[PDB]
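Below you'll find the structure, written out as structure tokens, and then a few comments.
In this analysis, Cβ positions are derived from the backbone assuming ideal geometry, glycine residues included, and neighbour counts consider all displayed protein chains. Derivation of every value follows stated rules applied to the coordinates shown; laboratory data play no part.
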Amino acid sequence: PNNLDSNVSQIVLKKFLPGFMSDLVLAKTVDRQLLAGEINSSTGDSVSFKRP
Amino acid sequence: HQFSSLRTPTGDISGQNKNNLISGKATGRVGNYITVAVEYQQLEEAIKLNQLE
């Protein structure tokens, strides 16, 4: 008939399945040198550049 | 302490009260204390606070 075995234990292995990712290329291409380190404690929260 | 004297002819002071010893004290105690406190944000010191000292 029925056995109903409770000897076993439901273990969870210490492994993580792979996930998903995306690519970051827009940050690399856009200009970063002009704005690099131009906002500091003596400027506030805004900096400006002249126009031709 | 302080004391007082007696002026008698023969020096016998029978039946007269003598000096009484009384002790007094002066008390000193502490009081409220002086507190100065300030506060500021994080970006406030990041982009707006210079020469803090």
Set A:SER48, A:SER41, A:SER22: member being in a loop (DSSP other than H, G, I, E, B), free of Cβ contacts under 8 Å to residues at least 40 places away in the same chain and within 14 Å of another protein chain (Cβ to nearest Cβ): A:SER41
Search result, residues across chain A that are on the phi < 0 side of the Ramachandran plot, touching a helix residue (DSSP H, G or I) at 6+ places or on another chain (Cβ under 8 Å) and surrounded by 10 or more Cβ atoms within 10 Å (Cβ to Cβ): A:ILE39, A:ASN40, A:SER41, A:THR43
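Restricting attention to the stretch A:11-24, does a residue exist that is polar (S, T, N, Q), farther than 28 Å from B:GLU44 by Cβ and over 31 Å from the mean Cα position of the chain (by Cα)? Even if it seems obvious, please write down each step before you answer.
Keep residues of the stretch A:11-24 that are polar (S, T, N, Q), which gives A:22.
With farther than 28 Å from B:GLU44 by Cβ added as a condition, the list becomes A:22.
This time we only want the ones that are over 31 Å from the mean Cα position of the chain (by Cα), so: none.
No, the stretch A:11-24 has no match at all.
Within the stretch B:10-53, take every residue that is under 30 Å from A:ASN40 (Cβ atoms), of a type in the set (A, V, I, L, M) and surrounded by 10 or more Cβ atoms within 10 Å (Cβ to Cβ) and give me the one that is nearest to the chain's Cα centre (by Cα).
Going through the stretch B:10-53, the residues under 30 Å from A:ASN40 (Cβ atoms) turn out to be B:36-53.
In the following step, the residues that additionally are of a type in the set (A, V, I, L, M) were identified as B:36-38, B:43, B:46-47, B:49, B:52.
When the remaining residues are screened for being surrounded by 10 or more Cβ atoms within 10 Å (Cβ to Cβ), the result is B:43, B:46-47, B:49.
Details: B:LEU43: 48, B:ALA46: 48, B:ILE47: 49, B:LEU49: 44 Å.
Only one residue tops the list, namely B:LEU49.
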